């Protein structure tokens, strides 16, 4: 059901409830916890992206100076867009339990795209690293300001899995 809407890429939604949802959660591992882990990402998407791009810049203000990777509103906006694109492909990898769509539709050829535009790899890797850390805290419900109410228990396998998807991004950025 999800593969079809990814492949059509036409904006129409797939809705999974009922028996289909019961089956989905038995097919993936840790199914109910996985729903919560996904929500921990997507419900915080704007927070994750803003904080990561902001941290990339605060650690290297050369990025916002003339000739810098995010100088001008145009380039900052493209960078915030990309961070959200990446985050959302990570979120879908966590929903589906694999990275195939992330690797094929988002990452394949991305280093060369960035190289030829001079999108700086160190800043990019750092934005990804900050998103990775932020997502880890949200999945584990250990963020300092925003909390998620869920049944108590352990989500460290899911947190590790999400971290591995970020590592695939890092290894694609080079």
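Positions refer to the first chain, counted from 1.
> Can you let me know which of the two, 148-156 or 9-17, has the higher average C-alpha B-factor in the entry?
The deposited B-factors put 9-17 ahead on the C-alpha mean.
> Once you work out the mean C-alpha B-factor for both 78-86 and 95-103 from the entry, which is higher?
Stretch with the greater average CA B-factor: 95-103.
> Name the one of 117, 42, 35, 63 with the greatest CA B-factor according to the PDB entry.
Max CA B-factor in the entry, restricted to 117, 42, 35, 63: 117.
> Is residue 112 in the lowest, middle or highest third of its chain when residues are ranked by C-alpha B-factor?
Highest third, going by the recorded CA B-factors of the chain.
> Can you work out whether the C-alpha temperature factor of residue 50 puts it in the lowest, middle or highest third of the chain?
As the PDB entry reports it, the C-alpha B-factor of residue 50 lands in the lowest third of its chain.
> Ranking the modelled residues of this chain by C-alpha B-factor as given in the entry, is residue 67 in the lowest, middle or highest third?
It belongs to the highest third of the chain when residues are ordered by C-alpha B-factor.
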